[PDB]
C-alpha cells in the first residue's frame, strides 16, 4: 500500500534571499545578498508506513528528495526565486506517493515579489489621474519625513506619478568628505555608524531604521524581512509596476563627495557601489544624481573646482555604461537622471549638451530663486517669468530652460520643477506701489518645520484667510500672500502657476513636470501638474 499521509511540522515559513541582520547598525553587516534563500521543512507521520523516499514539493515541483528513514524528517534546500509557494511533503514507495496538505511558504526578495500590493486610497485633495499624456510627472519623497512630518509611503498618491524619487542615499566618508552633514545635529555621526568598515566613496543608507526597520502599513510583522520605506516601496512596485522608483544620491547636505570624483579611483569605486546597490535593492529602477553643485556654491564654501564640469560628464557616461550593462543582464530598462540648478551661472559650468546623451531626464530645479537666505533682494522663488517691476530678473524658470536650450539640450529631456512649499520673510518694509518684493526684510518667515520655509498645505490651510492678502502675478505666473501688519511675505506655487508651467511644457515640447517634496502638498499641486500636462481624470 502507498505510504501514510505526512503532517507538515509547525515551524518558520518565512524565508529571504536578501537577509537582514536585525542586530546590526553598519550597512556592511545589515544586509546579506545570497543567490538563494535557505529553506527548511520538517514532517511527522502519525499513521502508517513512512514510505522509502520523502520529497518536498513547491507548487507540485520537487525542491528536495531523500530516503524516508523514520516517522519524522527534516529537509534543508535552496529556493532562488521570490514569491509565495504552496509547499507539500510527499512520502513515496513502489505502490504510490501520498502528499500532505499544502502549507504556504514565503520567499522574500527585494523586488517585493513576496508582498501584497500596496494600493491605498487617495488622501486629502488628491484626485485620480491616468498617466496617458506621455509626460513626466515626478516627485521626491524624503527618508526623514516619516518622523515629525509623519508622511509615509502609503500616503504617496502614487497613481498620479510616473516617477517617484527617494531623497537621499548618502556616499560614505568622514572628515573632509561629508563636512556639510555636520550642520544637521547627529547626522554626520549617523553616517559614520552606517559606514563603519565600509570604504569611503561607496553608497550606503543614511537612516537604516527609517529605510528598513520601522514598522509601516503592510510591513508590520516581526519577521517581515523588509520594513520601513524600502519595504513599502517594494509593495508599491507590486501595485504600480510601471512607476519608476529612483534612488537620489546627494542633495544639499550629501553632495560633498562628488567634488572628489575627478580622481577616477574614487569615481570607479562609487559607480561600482551604485551597481551593487541596484543589484541588492531590485525595486529601484536606475539612479538620480543630485550633485549640488558642479563648480561649488552649494552647502560647503570650501568645495568647487573648474574641473567639476568634466567630472560630471565623465560620471554620467560611466553611470550609463554600468546601467546599460545591468539592463542587459536583467532584461529591464534602467534610467539615469539628475537634479540640476536652474540658475544660468551654474548651468554653464556643465556641458549638458554632451551629458544629455547619457541621461533619460534632467530635473531642472526651477525653484529657490529667492528666499530668506537673502534679506535684501526679494522676488518670486519659482516663477515662470520675470515680474513687471523687474523684467531683467535673472532667476526665472524660462531663463533656466533657455540656458539649457542654448547649449543644445533637446527640449524633451528637460523636466520643469514645481514647488510644494513656499519661501518667505518677516518684517518686509520700505516697498513701493504696493509690491512687497520691492522692499527688504528683517528675517525669515516662521516655517512649518524650518525657518523661512512653509509647506503648501499650511499656506492653503492657514495663510489664505484673515489679514493675509493673496495676489496672482499674471506676468511672472506666480502667487504670493502678504500680511501687512507684520510684513510676512510668502512666495510659492499654486494650482494656477502650476497650470502655467504645464501649458509651457506642452507648448515648448519639454519633458514634463516634477516637484519637491511630496509630503508638503495637500493635493492641489499634484492635481494641477497632472491636469495641465493633459492627463485624463480617472483610473486605468
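Residue numbers count along the first chain shown, from 1.
For the segment pair 207 to 215 and 445 to 453, the entry gives 445 to 453 the higher mean B-factor, averaged over Cα atoms. Of the two stretches examined, 107 to 115 and 407 to 415, the record assigns the greater average C-alpha temperature factor to 407 to 415. In the deposited coordinates, the residue among 399, 152, 76, 192 with the greatest CA B-factor is 399. Out of 268, 467, 224, 276, it is 467 whose C-alpha atom has the highest B-factor in the PDB entry. When the modelled residues of the chain are ordered by their C-alpha B factor, residue 504 lands in the highest third. Remark: residue 285 belongs to the lowest third of its chain, ranked by C-alpha B-factor as recorded.
Annotation for residue 487: CA B-factor lies in the highest third of the chain's modelled residues. In this PDB entry, residue 532 carries a Cα temperature factor that places it within the highest third of its chain's modelled residues. Residue 130 sits in the highest third of its chain by CA B factor, as recorded in the PDB entry.
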